[PDB]
Structures are given as C-alpha cells and as structure tokens.
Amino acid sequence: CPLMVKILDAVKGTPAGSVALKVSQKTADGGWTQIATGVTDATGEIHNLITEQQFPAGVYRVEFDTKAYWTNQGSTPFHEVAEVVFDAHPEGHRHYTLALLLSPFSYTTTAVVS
C-alpha cells in the first residue's frame, strides 16, 4: 500500500473515523484530476486506498473532507477542506503516510516517507 493516511481527532482523543477523502493527480497540462476516493475506518486509516499502479511518480493532492467530519460531530469547523499537495517518488519509489491531526479551527499535516 504505497499511500496511507492516519487521522486523529484532537477534541476526543481518538482516531477520526468516517473521514471522506479524495486523491487527485496533477496533469501535464497543470490542473487536477480525481483518481480515487476513500473513507477512514474507526482507526483513522484507509486500507487499499490506491494500487502501486495508480501511484506513479508525480504531484498528487489529497483532499480531506474535514468540514463534513466536524459537522457530523456537532462542531463548527473553520476550514472548508484540508488539502495535502506533494510530489511523489521525486527521486525513487517509496511509501507515503499522511498523518493528520484535526481540531475544529486547526489541523496539522505531517508526512512519513520511507
């Protein structure tokens, strides 16, 4: 699994379950095109989010639907979305874990690359 996520809820002290996300690829032209979607399970993770064949070198954007998550928790969020934009396999294939720490008016995006 070349692309993994781990989302934590800083209000409740649990993983953030049922967070919807979208994975897009940047075109040669210059825009975005959506290639996969997923929803986190109760551990804040998504297994088999994409295949290694869907994940060639290039720039990708992962859009986390934090607004819906907080709304479904009964809280008022600030951000309309949380976007993580990165160049993948710039100099050699490897595995990516996007860690995301959520609060209604704040998030922290970190990356663990192996």
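Residue indices: 1-based, along the sequence shown. Rigid core here is just the name for the largest C-alpha set that superposes within 1.5 Å across the two forms.
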#### Entry: More shifted region, core-based fit in 9 other deposited structures of this protein, 83-91 vs 60-68 by CA
83-91
### Mean C-alpha temperature factor, higher of 40-48 and 85-93
85-93
### Task
Please work out which of 6-14 and 19-27 has the higher mean CA B-factor as recorded in the PDB entry.
19-27
### Task
Kindly indicate the residue among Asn72, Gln53, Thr66, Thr76 with the greatest C-alpha B-factor in the PDB record.
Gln53
